[PDB]
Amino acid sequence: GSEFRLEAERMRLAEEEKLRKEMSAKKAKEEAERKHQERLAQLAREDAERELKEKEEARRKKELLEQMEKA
């Protein structure tokens, strides 16, 4: 029986091994897509706040100059 128990213990170890090799892959494919989406929303936000400052920095200096022209 020893050689048959050796073979079923060896098989269970290879199995635990390849789980480890593949929960490891799942995590890294989950993290890749995390920095991806975080990077894509960061860029979407900076762009909206740059857009918005430019829009309102302009409006303000518009209303400013037009009150200045009132003299």
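Heads up: residue numbers just count along the shown sequence, starting at 1.
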item: Chain third (lowest, middle, highest) by recorded CA B-factor, residue given as residue 56; value: highest
item: Modelled-residue ranking by C-alpha temperature factor, third containing residue 47; value: highest
item: Chain-wide C-alpha B factor ranking for residue 6, given as lowest, middle or highest third; value: lowest
item: Chain thirds of CA B-factor: placement of residue 71; value: highest
item: CA B-factor ranking of residue 23, expressed as a third of its chain; value: middle
